[PDB]
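Coordinate analysis (summary)
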Amino acid sequence: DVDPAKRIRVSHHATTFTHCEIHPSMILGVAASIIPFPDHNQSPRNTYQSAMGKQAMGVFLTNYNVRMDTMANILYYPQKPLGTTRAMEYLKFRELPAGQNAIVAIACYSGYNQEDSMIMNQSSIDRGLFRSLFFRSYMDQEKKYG
Amino acid sequence: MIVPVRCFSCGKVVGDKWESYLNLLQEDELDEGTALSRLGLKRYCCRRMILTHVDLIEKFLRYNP
Amino acid sequence: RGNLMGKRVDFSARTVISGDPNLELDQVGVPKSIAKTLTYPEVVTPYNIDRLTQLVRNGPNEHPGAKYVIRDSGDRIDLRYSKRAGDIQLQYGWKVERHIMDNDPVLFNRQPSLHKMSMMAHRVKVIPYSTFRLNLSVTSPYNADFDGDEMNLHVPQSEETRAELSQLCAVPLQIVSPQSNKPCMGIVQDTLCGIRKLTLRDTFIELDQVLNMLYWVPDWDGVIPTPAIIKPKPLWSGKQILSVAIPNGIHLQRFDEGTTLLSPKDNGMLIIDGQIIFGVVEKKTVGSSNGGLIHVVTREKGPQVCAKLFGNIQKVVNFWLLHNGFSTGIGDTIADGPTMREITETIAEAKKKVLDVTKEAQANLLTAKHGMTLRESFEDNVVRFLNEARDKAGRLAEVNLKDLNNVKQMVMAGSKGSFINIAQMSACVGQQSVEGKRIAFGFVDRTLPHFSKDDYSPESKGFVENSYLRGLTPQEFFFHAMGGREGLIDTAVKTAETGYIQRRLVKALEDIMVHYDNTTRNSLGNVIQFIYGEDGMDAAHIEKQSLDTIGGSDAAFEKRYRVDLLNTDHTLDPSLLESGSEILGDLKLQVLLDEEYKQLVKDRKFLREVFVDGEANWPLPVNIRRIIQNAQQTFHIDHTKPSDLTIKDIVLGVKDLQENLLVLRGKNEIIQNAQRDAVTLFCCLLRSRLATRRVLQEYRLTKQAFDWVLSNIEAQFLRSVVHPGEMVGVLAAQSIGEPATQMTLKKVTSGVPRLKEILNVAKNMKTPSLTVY
Amino acid sequence: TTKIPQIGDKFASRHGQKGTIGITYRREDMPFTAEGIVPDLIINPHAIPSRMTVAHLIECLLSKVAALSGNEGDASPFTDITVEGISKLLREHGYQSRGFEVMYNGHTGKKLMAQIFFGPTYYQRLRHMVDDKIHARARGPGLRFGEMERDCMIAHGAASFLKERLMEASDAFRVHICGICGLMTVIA
Amino acid sequence: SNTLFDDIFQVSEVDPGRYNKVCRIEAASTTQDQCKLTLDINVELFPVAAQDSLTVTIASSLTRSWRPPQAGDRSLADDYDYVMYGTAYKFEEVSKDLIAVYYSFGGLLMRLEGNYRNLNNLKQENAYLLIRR
Amino acid sequence: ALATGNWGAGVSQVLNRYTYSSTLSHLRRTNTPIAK
Amino acid sequence: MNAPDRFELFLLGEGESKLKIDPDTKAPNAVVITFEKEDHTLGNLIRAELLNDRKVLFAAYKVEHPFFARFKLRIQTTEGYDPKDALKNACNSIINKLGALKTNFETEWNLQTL
Amino acid sequence: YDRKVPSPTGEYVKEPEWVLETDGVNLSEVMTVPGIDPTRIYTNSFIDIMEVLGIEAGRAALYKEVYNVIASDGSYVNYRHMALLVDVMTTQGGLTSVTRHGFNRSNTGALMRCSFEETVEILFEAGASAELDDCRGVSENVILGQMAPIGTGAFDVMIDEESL
Amino acid sequence: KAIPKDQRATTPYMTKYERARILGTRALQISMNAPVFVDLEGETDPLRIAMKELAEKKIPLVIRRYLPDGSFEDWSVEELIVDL
Amino acid sequence: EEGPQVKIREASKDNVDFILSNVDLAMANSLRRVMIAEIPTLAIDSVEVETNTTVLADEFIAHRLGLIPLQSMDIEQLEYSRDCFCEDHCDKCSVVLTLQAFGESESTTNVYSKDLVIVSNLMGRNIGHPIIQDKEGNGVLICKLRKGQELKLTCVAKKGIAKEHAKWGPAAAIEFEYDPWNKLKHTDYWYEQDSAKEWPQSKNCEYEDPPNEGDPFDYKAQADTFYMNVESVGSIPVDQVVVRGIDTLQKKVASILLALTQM
Ligand SMILES: O=c1ccn([C@@H]2O[C@H](COP(=O)(O)OP(=O)(O)OP(=O)(O)O)[C@@H](O)[C@H]2O)c(=O)[nH]1
Ligand SMILES: [Mn+2]
Ligand SMILES: [Mn+2]
Ligand SMILES: [Zn+2]
Ligand SMILES: [Zn+2]
Ligand SMILES: [Zn+2]
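What counts, and where the lines are drawn
- Residues numbered from 1 in each chain as written, not as in the entry; some residues may be left out.
- Chains lettered and ligands numbered in written order.
- Part of a larger assembly, values for the part shown.
- Heavy atoms only, no water.
- Helix = DSSP H or I, 4+ residues; strand = E, 2+ residues; numbered from the N terminus.
- Rg over C-alpha atoms; globule rule 2.2 N^0.38 Å.
- Buried < 20%, exposed > 50% of the residue type's maximum accessible area, 1.4 Å probe, protein only.
- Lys, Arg positive; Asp, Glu negative; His and termini not counted.
- Charge placed at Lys NZ, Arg CZ, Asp CG, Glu CD.
- Pairing = 2+ DSSP bridges.
- Donors = N, O, S within 2.8 Å, 3.2 Å for Na, K, Ca; no water.
- Tetrahedral: all angles 85-135°; square planar, octahedral: opposite > 155°, others 65-115°.
- Contact = heavy atoms within 4.5 Å.
- Salt bridge = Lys/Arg side-chain N within 4 Å of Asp/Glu carboxyl O.
- Core = buried A, V, L, I, M, F, W, Y, C linked by side-chain atoms within 4.5 Å.
- Near = heavy atom within 4 Å.
- Polar contact = N/O pair within 3.5 Å; in protein donor to acceptor, adjacent residues only side chain to side chain.
- Areas by Shrake-Rupley, 256 points an atom, 1.4 Å probe, with all protein chains shown as cover.
- Nonpolar A, V, L, I, M, F, W, Y, C, P; charged D, E, K, R; others polar.
- Axes fitted to C-alpha atoms, helices over the stretch in contact; angles between N-to-C directions.
- Buried area = accessible area lost by both parts, 1.4 Å probe.
- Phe/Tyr/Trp six-rings, centres within 6.5 Å; stacked < 30°, edge-to-face > 60°.
- Patch = residues over 30% accessible without salt bridge, like charges linked within 9 Å, V, L, I, M, F, W, Y side chains within 5 Å.

Structure determination for this PDB entry is given in the record as X-ray crystallography, at a resolution of 2.3 Å.

Shown next as C-alpha cells:
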C-alpha cells in the first residue's frame, strides 16, 4: 500500500546496521549540489551542468568594486532560484546567486530557436533581464635592470 | 543589486514595493505569499520579481570606500 | 610550412552561427560588420564602371563600398586615408577592392572538416546583427547546431576561383552525396514535426489561412487550388497546401506495413504529378531518406529546384506551426495509473525470475553451457531477464501514450526521441553497466557499504527499477553515475582515436584519382582498379533498385516473363497489343521470344551466384522504375487500351539500348570485354524491367512512351558515369572516416578498436575467431 | 562595460543544456497567456526527448507553484517530493496540474491549437560572448586553412582554389632552364 | 457540364479510427448488390451513422483560380449537402469481373466496386463528390 | 614553487573567481597524475 | 554593434516610401504592396478587412524576415475593380470601425463609478 | 544460424545450420578436419586468410571485416569507398597497413609537404638515390607555384584555331 | 604525345571539372575587358556571360586530356557534349 | 452606436476589465498590440552624471531612471525630439529633471523618484511629474546611499514609444481571451483522463452560454466577443491607454490612405 507516485525502494533485510547516512545528498560536491532534482536526470547531463555552472555570471564576491582583478562579471539583478536545494544553504547560493528565474516557454514558434538555440523576449531585455557588468583591468610598470 | 524598477515580463512597476514587502513580513508578521498578494502582485511573473530579489546593496553599503 | 597549416589566413572571418528559417538552403547570413572587412578585387569594366563608382563613394564605412582602388601601375589608394577618397575617376582595367555583397560565392566551413560537405559554397546574404546565419537543413552535413558553435567563411579571390566554388562546391550540388548514394540534407526539427501534423487527415484549413500559406511560397502561380471540401464550408487539407510546395512532375510511391491503395492508417506515400494522394508526410518521405522526396526532386528536377524546395517546404510548415503551436512538458512523461501497475508488476515478475536462478545457482542445480563458467551463465541470465524486463515495461509505457502525447509525436515525425527514451523517462531506466557487466564488487564482496556481502540481486548490482519521472534512489544514482562515467571516458577516447584514423585514411588514399581511361591510379601511375568501383560509376548517381529476376519461385518467374505465342494459354492476350490476335502461333517471333526468355533464365542463375544470399535490392545507376512511372504520367497511358508496340519493338529495342550504355570506348578486344563486364549487372536489371510481358501487361507502354523510356535510360546512364579528375581516393577515406566518428556505444571486438586493429594489420588480434560450417 | 543580451550570447539551465539567443522578439509578438503573461525565453521542445532531462520539466512545475504560493521550492534530491504532489498544489492554484497553459499567438491574437508548457525556470547567462570571438582576418596590401581543409577542397576537385589559397606572396621569379639538365645554369 | 454516377447507399459501418474529425464509412448499395463504397468524410461538417441512407453522385462539373461569393448564390449547382472534390489515381483493379476505382479528396480516400460504370467514371483528375441527407 | 605550480606539475593555480560556487569548487578540487 | 537602431522599426530611412505598389504577374488584377516600417499590427488588420470584401479574389500578407520591419500585401480583385481601391475601402472601413469603438468606449467609461 | 537457401520450388527459404565459433585460430589445420565444409570456413583474421587462401581471398576478407565494423552501427557506406581502401592495402600482393607504416611518406613526394623538422635529410637520400618527383601532389605544386594535376587541373586548356 | 582525331576513346561528354575551369578561365578574360563572342542580352556578370558563351558554343578553347602514359587527346569545347 | 461594442465589468485608476463585442479578432488583437507598443509617452532618455559615489554604476542608475514612470497626460502637446526644429533639446520637445542626494544621516539614505526635480518649464501641461502610487509618496526606489556617498545627475525626459524601448510603454499587462467555452474549437485540449475535468474553467465561462450536447459543430461561428482587461503603468490614465490606442491605430491606417494620395 505505497504511494504509486514515490520511487520504489528495497525492503530492509538486516538488523545488523552499525551506522546510518546523515543524508544521501552529501555524496555530491559543491557544483552538483546546485542542480535541482539531479536524481531525475540522465547521469551525463549532471556532469555537463557541474562544468557549465563555472561559466555563469553572478556576484563572485560582495567586494568586487574594490578588487582590481583581470576579468569580472557581475550580474545586474541576481535572483535566488525558485527551486533550491538543502545543500544550497551552506553553499551561500541564495545569498550570491548566478542566474534569474525567467518565465520559460517550451514551444515551436517562428522556428528561430531550433537546434539548441533560444528566442528571448526583447522587451524583457529592456527592463534589465540578464544584463551584466564586465570589468577588465590592465597592469603596467617601468624600467628593469637597465 | 536593488529592487528592479519594473517586472521583466510585463513592466508592471514593482520597484516601489520593496520596503512594503519587508514590513509586511517583520511588522505584520505575514507570510511571503500572503504578502506579495496584498501588494497587488497576482501574476507569477511579478510575484517572482520580488520574492526572488537579493538586496545585495545592503552588504555593499557596508564598505567604506 | 606555415602556409601548410593555415597560419597566414587572409580574406576569411569566423563567428557564432544561428539557425534562420527565412534564408534559402544555399545562402549564408553574413553580418554587415564582417562584410565590411572581407574584400574581392573586381576589375573596372563598362559592365560595372557605374556600380564600382558608387561603392568607392560609399567608402570603407558604408556597406556597399570598397577599401581600395588599385591603378594600372599597381598603385594602391587607401579609401579611408586619402585626400581624394571622394574624388576618383575609375578607369577600365583598374581594380576596386569592394566589400562582399549579396550572392557572392563564399566558402563556408565547420571544423573539424572530415567531410567534403563540411566546406560548401554559399551565396552571400548581408544582414544586420552579428553571427553567421544558416538554413536549418544545412545543419546535418556541417554537423553543427546553435549553442556556441563557430564556423569559418572564406572569400575566393579570383574569377576562376569563384567559378570553382559555385560549379563544384555549391551547397545544392552536394544534396545527394556519394558517401552513401543518398541525400545528406533533409527536413529537420520543427519543420519535420510540423509537417507530420499538417499532413494528418483531420488537418483542415480555412480560406483565410490557405491564402497566407499559398502566398508564403514564392514559386506559387497565383492559382488557388480547389478545396477538398466545398459543401457547407470551403475547407482545405494540410496535404493540399503542402503540395503547392512540391513541383509538378514528381511521383513517389512507398508502401509500409499494411499500406494499401486505401491505406486506412494513412500509411505509405503516393505523390502524383506533384500532389500528395495519401499518407502522412514524415522522416521517411521528407527526411534525408534514400528514395524519398528530396532524392527524387534532385534527380528529376535538378539541384537548384531541389534547393528551392527546402525553403518552400519550410515556409509553409514553419508558418503553419507558428499558428498551431507545439510544446512538451512533464505531463508527456506520465503513464496511466493502471499502466504503472502493469509496469511495476512486469518488473516484479523479472525480480522473481532472477531470484529463482539465484536459488538454483546457490543450490548448484544450474548448469553452465559449453565453454562457459557457472557464474558466466548465471550473469548472462540475470542480465537478459532484467533487460527483457526493462524493454517490455517500456512498450507498456509507449502503448499507453496517446497520439496527442508530444513526446510520442516527435518520435512519429522522426524529429528527436526514440523508444529507449520514453522507456527510461516514463518506465524503468534499466540495468547499469561498466565494462559489459553489472556493477562490480568494488568493496569486498559488495557494491556499496550499504549492502550485505555476497548480494547478487538486481538492486545490489545496478538495476535501476525507477524511471526518470519517479527519480532514482541514492544507490541507483551512484550506480547510474558509474555507468555514465564510462560513457564520458569512452567518448573522449572514441573522439581521440577516430580523429587519428581519419587522417591516416586520407593520407594513404590522397593521390588516387580517376583518369581519362576510367582507370583508378595513384601518383606513381600504378593501377589500383582497372575501372573505378568495378563499374566506372559515380556513387552520387547510384540508387538502390530491386533485381526481380533473382527472387521468387520458378513458377512465379515463368508466370511473369514467359511468352509463348505457340500456346493459347501463354500468349499475350490480344488486349495487351494490337497485333495480339495475329501474333498467335508466329514461329518467327517465338524464336525471338525464346531468346529473351533464355537470357532472363541465364540471369537468374548468374544473379543467384553473385548474391548467394538471394538479396534482390542493390544500389545501381538509372532508376528504371521511376523512368517508367514518369513515362506513364507524361503520356497519360490508359490501361484500358491495347498497345501499338510490335514484339520486335521491345526485344530488339531493349537489345539495341544495351549496346549504347557506354563506360569504356576503346576499340580493342580487351576494353570491349571490360565494357561488357562493367554493365553486366545493370543490364540484368534492364532486361528484367523491359521484358516484353512486363512492357505490355504491366506497364501498358505505347510505342511512344516506350521509345521515350529507352533514350532516357541512355541519357541517365551516361550521366551516372564517373568523371575523370574525381579525387576518388580522398573521397573514399573521408567516406570511411566521417561515419567512423559517429561510433559511440556480441563479445567480439568492434567499433573503433576493431577498425584500428584492421587498418593496422595487427598479427595479434584481440578476438581471433574461426567460424566453421 | 555593460553587456546587454544580444543574438549569439550563451544561456543555460542547471540541467546540462546551453543555447545561444537565436533572436529577440518584443512582448507584442511573443505568444501570450490569458492572464496577459508573456515569456522571457522560449526554448524548443526537440531539446527534451533525447537528453531526457526530466528534472528541467519538474523544476519548472515546482517553480510555477513556488512563485504562486510564495514558498521556496524544495528541489533537493532523494526526498519524497513528487510530480503528483507538485501537480496537486499547482491545481489548487487554478492552473492545469501538469504545468500546461493556453496561449494566443501574438501576430493574430488567435489561439494555438496546442497548449504550451509554461512556467518559470532558473537560467544562467554564460560568459564568452559574440563580440569577443568575431575575427575577420582579411588584410589588404579557429579560423584556418589546415590539412583537413585542404583534403576537402581536393575531394571537391577545386585545384584553382587550392593553388590560390596556398600561394605564398613571394615574387613569381622568372628563371631559365636547360632541357638536357633540369638546372638553372642557363646564362640568359 | 456532366454527371457520371448516381445511386443511394446503406451505411453499414462508420469507423473514426483514432481520428477526431474524419470517419471511414462503408455503405452497401441499393438495387445492385455488387456496388460498394468506402469513403472518408469530415464528420464535423456532415455527421454520419450506421444504417443511414446516403444519396451519392460523382458528377464532374457544375483550372483557373477559385472564387467564394456571388457564384455561391447564383449558379449553385449543388442540390446536396456534402460536397468534396478530388483527383483520381484510379487503380482499376479489374477484380475478377468487377471494376473498382479510386478517388483522393485532399487525403480523404474513396473507392467504388461495381462494373456498370465502364462509360461513366473518368480517367482524369476533375471529379467532384455530392451526397445529400 | 607556489607561483609556478612546480613541485617535482600544475599543483598551484590562480583561484577561480567567475562565480562564488566556482571558487568554492576550485578550493575542493583534486588531481591524479598519470589501472582504471 | 551590428544591430540596427531601434527607430528603424517605425522610421522611414532616406530613399524610402511608406508604400511600394507593383503589378503581380502570376495573376490578373493583382498587386503587391510593400509596407515599409510596419509589422503584424497593420498587416493582419488591413488583411482581415480586405477579406470581408466579396469582390476581392485574393488577400494575404507576410513578413519575409523578422529582422526587418516591413510586410507584403498581395491583393486580387474582379475585373473593373481596382486593387488600390480595395485597400482604400478596407482602410476607410477600419478607420470608421475604430472611430465607432472609440466613441462607444468613452461612453461606457462614463457610466462607471471608479 | 538461419540460412537463406533456394527451396526445391525455386523461392528462397530459411534452413537452419549448426555453426561453430572458436576462441583462437588455426585455419590451416581446422580446415583439414573431416566432416566440415572447407569451402565455407572463415575467420575474422584476414591475415591468416591471406597466408592460407591467397591475396585475393585476403582482399575479400579484409573487405568483409571493414564492412562489418561500419555496418555494426547500422551505418552504410557505398561499396566503392571501402573497396578502394581494401585494394590499396592489397595491390602489392601483401597486406599493407594504412596507419602510417613508412617512417617516410605514404605516397607523397620529397618536395611535397615539409614533414619533419628536417626536410634536408629527406633531400640527401633523394639525391643519393636519384628520386624522381612526378609532381602530382598539391604541396609540391604549391612550391612550384602551379596548380596540381587534380580534378579541375587534370587537363590543360589551350586556345582553339578552328572556330570561324 | 598526340592522338589522331580518330581513335579517341575518351568521353565525348564534358566533365564537370572541364566545364568549371572553362567557365573560370573564360570569365577571367571577360572580366579583363576581353571581347565577347555572344550577343550580351543584358548580362553583365562575367561568369554569367561565360556560361552563355558555353551554351551557344562560342568559346574557342581546347581541352588537352592527358592519359596516364603521357599521351593525350585534343577535344574542342564546341565538340564536347555538355550535359552535367 | 453600431459596430464595436464596449461593455465594462470593472474600472479603476489601474485596470479596465471590459468586453469588446461585435468585432474581428484581428482588430481586437491589433488594438492589443498597439496599446503595448505604440502609445506615445515621456521617459528619461539621457542622464548626465556629475557626482556618483554610490555603490551603483552610472549606466546601472541611468537604466533605472529611464524606467521611472513619468506623467504623460498631455504627451501630445510635446513634440518628438527628432522632429523639433531646435538643436538637441528644449522645452518644446523635452523635460529636464535633476537628482541631488547626499548621505547625510548615519542610517542608509534612500533616493526615491520623488527626489527628482523638474528644471524645465512645463508650460502648464501635465507632463514630466514622477508617478507615485505607494502609500508613502516615495515612489520608485532608485538608489541607496551610505553616509558620505553622493549622487548629482541631470535627466532629460523625451517622448518615445515602447517599440524603441519597453520603458516608453504605458501598458503593463493585457489579459486577452475569447470563446471561454471551446465551441469554435480553436484549441485542442491536452488530457490524461478527462479534458474538462483536468482543465480549469475560465472566469468568462459564466458570461457565456455553455454549448449543448446534441448540437453539431457550428462551422460558421466566427471569433467575436473578446474578454480583455487593460492595466496602466501610471504614466497615462487607464481609459486613456485604450482610447489613445484605438486612436493611434486609427492614425496608422490613415497614414496609408495619405500615401495612396501622394503616390
Ligand atoms: O544533430 C545532433 C546534434 C547533437 N547531438 C548530440 O548532442 C549531445 C551533446 O549535446 P551538447 O549540447 O552537450 O552538445 P553540443 O553539440 O552543444 O556540444 P559542443 O558544441 O560544446 O561540442 C551528444 O550526445 C550528441 O551526439 C545529436 O545526437 N545530434
Ligand atoms: Mn548541442
Ligand atoms: Mn553545439
Ligand atoms: Zn509581471
Ligand atoms: Zn645544361
Ligand atoms: Zn527641441
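Observations concerning the overall build of chain D
A count of helical and extended segments in chain D gives four helices and 10 strands. When its helices and strands are written in sequence order, chain D yields β-β-β-β-β-α-β-α-β-β-β-β-α-α. In terms of overall dimensions, chain D is more spread out than a globule: its C-alpha atoms have a radius of gyration of 29 Å, far above the 16 Å expected for 188 residues. Oriented by its inertia axes, the alpha-carbon framework of chain D measures out at about 100 × 45 × 40 Å. With 188 residues in all, chain D has 67% of them scored as buried. Here chain D carries 23 positive and 20 negative side-chain charges, and the mean point of each set is 4 Å from the other.

Points about the pairing of strand β2 (residues 27–31) of chain C
Residue and element names in this part refer to chain C. A large share of β2 lies buried, amounting to five of its five residues. Where burial is concerned, the two faces of β2 agree: the one with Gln27, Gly29 and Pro31 and the one with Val28 and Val30 are both buried. When β2 meets strand β8 (residues 119–127), the two strands line up parallel, connected through five bridges. From the neighbouring strand, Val28 faces β8, where its bridge partner is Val124.

Re the coordination of the zinc ion (ligand 6)
Residues and elements named next belong to chain J. Every protein donor of the zinc ion (ligand 6) is accounted for by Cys84 (SG), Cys86 (SG), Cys90 (SG) and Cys93 (SG), and the metal-donor separations fall at 2.4 to 2.7 Å. Around the zinc ion (ligand 6), the four donor atoms are arranged such that angles at the metal cover 94 to 131°; this shape is classified as tetrahedral. Of note, the donors binding the zinc ion (ligand 6) are all from one chain and are spaced C-x1-C-x3-C-x2-C.

Describing the environment of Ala55(D)
Here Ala55(D) is to be found in helix α1 (residues 54–69). Residues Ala55(D) and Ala75(D) lie 20 residues apart in sequence; the distance between their C-alpha atoms is 9.0 Å. Those residues in contact with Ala55(D) that lie beyond four places of it in its chain are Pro36(A), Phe37(A), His40(A), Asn41(A) and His15(D).

Overview of the pattern of salt bridges
Summed over all chains, the structure comprises 106 salt bridges over all chains. Across the pair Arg6(G) and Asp126(A) runs a salt bridge whose closest N-O atoms are separated by 2.8 Å. Of the two residues, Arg6(G) is situated in the segment before β1 (19–23) and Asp126(A) in helix α3 (residues 122–126); the pairing between them involves two chains. Look at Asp126(A) and you get buried, because its relative accessible area is 5%. Measuring nitrogen to oxygen at the nearest pair gives 3.2 Å for the salt bridge that ties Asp24(J) to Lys97(G). With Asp24(J) in the loop between β2 (19–20) and α1 (25–37) and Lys97(G) in helix α2 (residues 83–108), this residue pair bridges two chains. Each member of the salt-bridge network shares a partner with another, and the members are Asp29(D), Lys18(G), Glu38(G), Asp39(G), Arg33(J), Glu38(J), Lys163(J) and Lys252(J).

Thoughts on the nonpolar core
By size, the foremost hydrophobic cluster in this structure holds 198 residues, and its most contacted members are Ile46(G) and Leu87(G). Discounting chain neighbours no more than four positions away, the residues touching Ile46(G) are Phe35(G), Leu73(G), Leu87(G), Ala90(G), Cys91(G), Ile94(G) and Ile256(J). With 90 residues, the next largest nonpolar core counts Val514(C), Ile736(C), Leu62(H) and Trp75(I) among its residues.

A short note on the site of ligand 1
Lining the immediate surroundings of ligand 1 are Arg45(A), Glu115(A), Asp145(C), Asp147(C), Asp149(C), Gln17(D), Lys18(D) and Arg51(D). Neighbouring residues of ligand 1 are not confined to a single chain but are spread across chains A, C and D. Interatomic distance of 3.1 Å between a side-chain N/O atom of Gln17(D) and an oxygen atom of ligand 1. One of the side-chain nitrogen or oxygen atoms of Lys18(D) is found 3.1 Å away from an oxygen atom of ligand 1. Considering ligand 1 on its own, with 610 Å² of exposed area, one finds that the protein chains cover 45% of that surface. Taken together, the residues of the shell around ligand 1 break down into no nonpolar, one polar and seven charged.

Comments concerning the coordination of the zinc ion (ligand 4)
All names here are of chain B. Only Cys7 (SG), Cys10 (SG), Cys45 (SG) and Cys46 (SG) from the protein coordinate the zinc ion (ligand 4), and they sit 2.3 to 2.5 Å from it. Coordination geometry of the zinc ion (ligand 4): the four donor atoms subtend angles of 86 to 125° at the metal centre, consistent with an arrangement described as tetrahedral. Read in sequence order, the donor residues for the zinc ion (ligand 4) give the motif C-x2-C-x34-C-C. With a gap of 39 residues between them, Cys7 in the segment before α1 (18–26) and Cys46 in helix α3 (residues 44–51) connect regions that are remote in the sequence. Grouping residues by exposure puts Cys7 and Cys46 together as buried.

Thoughts on the sheet that holds strand β3 (residues 41–52) of chain J
Residues and elements named next belong to chain J. The strand order across the open sheet formed by four strands is β3-β10-β5-β7, and the pairing between neighbours is antiparallel. Edge positions in the sheet fall to β3 and β7 (116–118), since each of these pairs with one other strand and no more. Averaged over all adjacent pairs, the angle separating strand axes in this sheet is 25°, with direction ignored. Lying over the sheet, helix α2 (residues 58–66) contacts β3 and β10 (150–160), oriented at roughly 155° with respect to β3.

Regarding helix α14 (residues 419–426) of chain C
The element α14(C) is largely enclosed, with a buried count of six among its eight residues. Where the residues of α14(C) are buried, they touch α11 (337–363), α12 (374–400) and α13 (406–413) of chain C together with α1 of chain D.

Let's talk about the interface of chain A and chain D
Of the residues lining the interface, 72 residues belong to chain A; the matching set on chain D comes to 78 residues. For the pair chain A and chain D, the summed buried area comes to about 7200 Å², and 57% of that belongs to carbon and sulfur atoms. Looking at the side of chain A facing chain D, the largest losses of area belong to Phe37(A), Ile106(A) and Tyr109(A), adding up to 12% of the total buried there. Counting across the interface, chain A meets chain D through three salt bridges. Salt-bridge contacts for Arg51(D) lead to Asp116(A); the nearest nitrogen and oxygen are separated by 2.8 Å. At the junction of chain A with chain D, the criterion picks out 53 residue pairs in polar contact. Contributions of two or more residues to the side of chain A that touches chain D are made by α1 (43–52), β2 (83–84), β3 (100–106), β4 (117–121), α3 and β5 (132–136) of chain A.

What about the packing of aromatic side chains?
Counted according to the given criterion, the structure contains 53 aromatic pairs over all chains. Each ring, one from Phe451(C) and one from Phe479(C), has its centre 6.5 Å from the other, and the planes form 10°; the classification is stacked. Taken together, the residues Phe451(C) in the loop between β18 (430–431) and β19 (463–464) and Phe479(C) in helix α15 (residues 474–509) connect sequence positions 28 residues apart. For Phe451(C), a relative accessible area of 13% puts it in the buried group. Residue class for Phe479(C) comes out buried when judged on its relative accessible area of 1%. Pairing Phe100(D) with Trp190(J) gives two aromatic rings, centres 4.8 Å apart and planes at 45°, and the pair type is tilted.

Things to note about a nonpolar patch on the surface
Judged by side-chain polarity, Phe173(D), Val175(D), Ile177(D) and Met184(D) come together as a nonpolar surface patch covering roughly 470 Å² of accessible area. Relative to the helices and strands, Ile177(D) resides in the segment after α4 (159–166).

Examining α13(C)
The buried count for α13(C) comes to six of eight residues, which makes it a mostly enclosed element. Taken together, the buried positions of α13(C) are occupied by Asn406(C), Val407(C), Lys408(C), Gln409(C), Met410(C) and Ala413(C). Summarising the contacts, the buried residues of α13(C) are in contact with α5 (189–199), α8 (283–286), α12 and α14 of chain C together with β7 (100–101) of chain D. Where α13(C) terminates, the next one or two residues include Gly414(C), which has phi positive at roughly 85°.

Let's talk about the arrangement of the chains
By number of contacts, the leading pair among the 24 pairs of chains in contact is chains A and D. Chain G makes no contact with chain H; the smallest distance between any of their C-alpha atoms is 38 Å. Note that chain I does not reach chain J: the shortest distance linking a C-alpha of one to a C-alpha of the other is 30 Å.

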